[PDB]
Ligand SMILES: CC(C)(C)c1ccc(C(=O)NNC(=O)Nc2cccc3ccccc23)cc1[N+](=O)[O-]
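One chain comes next, on its own, written as structure tokens: the form deposited without the ligand.
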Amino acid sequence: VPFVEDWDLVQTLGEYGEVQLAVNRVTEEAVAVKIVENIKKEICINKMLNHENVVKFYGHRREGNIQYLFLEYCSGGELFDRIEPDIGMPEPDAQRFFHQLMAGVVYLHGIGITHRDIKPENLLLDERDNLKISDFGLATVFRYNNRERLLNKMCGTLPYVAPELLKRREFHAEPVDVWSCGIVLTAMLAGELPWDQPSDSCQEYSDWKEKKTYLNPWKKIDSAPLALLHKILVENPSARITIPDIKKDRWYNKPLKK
């Protein structure tokens, strides 16, 4: 079929380089095109991925020095824009987005991939508001040949990073993503980030360890999701709740949404 390979770039989605919304000349199918050694790793990690809650990779095209990444277009935009500042969103929406985020994170960890930059800017929504984990540019293999490798590189965004990443030379990959999912859940339910970074020098972080939940953002959050956040936002990564136990949490399994 002629012209089926021709795509028109209609608008900027992000600007590493840039991301454009591409529309097929013949079929009018919408795709996102990312124009850019972490790019070689991004393509490699993306080629491994196939899950309903992970942005689908269609392929890559190399034209000289510029790399083109063909990715699933999510028309609902970013989860970030569904969070009303200082309010959040209705608890049933947050629970559904959290279920989908757990599905995507379980999938990634199951194949030995850690995203390392989970935040609402990297959680995209399709036409039916289905959450998709986006941008594997900071992602890495933490398990290979059933052997876990401990991480040591500083990756992520300070309000979302786990405290071990700032205190320890080495750390397990999975508790780090579990923590950032708890900061995402906090943002969805309170419309604010609890601290600039998880360090004792940070007063807001010290208050949380002291269990001062009568303060913001915690006072805007119901006791059932707050009990879950008490299990996720645990400083010791070895004592922090794992995803199998998050799936057994009372609020996680609370019927809320129609």
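Quick note: we count residues from 1 along the sequence shown, nothing fancier.
Absent from the display: the form solved in complex with the ligand. The rest refers to it.
Contact with the ligand in the entry with it bound, defined as any heavy atom within 4.5 Å, is confined among 140-148, 162-170, 82-90, 95-103 to 82-90. Proximity of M48 to the ligand in the entry with it bound falls outside the 4.5 Å heavy atom cutoff.
Although the partner is absent from this view, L193 contacts the ligand in the entry with it bound, with a non-hydrogen atom inside 4.5 angstroms. Although the partner is absent from this view, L131 stays clear of the ligand in the entry with it bound, with no non-hydrogen atom inside 4.5 angstroms. Proximity of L108 to the ligand in the entry with it bound: non-hydrogen atoms within 4.5 Å are absent; the residue sits far from the partner. In summary, among the residues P120, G156, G112, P175, the only one with a non-hydrogen atom within 4.5 Å of the ligand in the entry with it bound is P120. The partner is not shown here, but in the entry with it bound the stretch 169-188 reaches within 4.5 angstroms of the ligand through a heavy atom at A187 alone.
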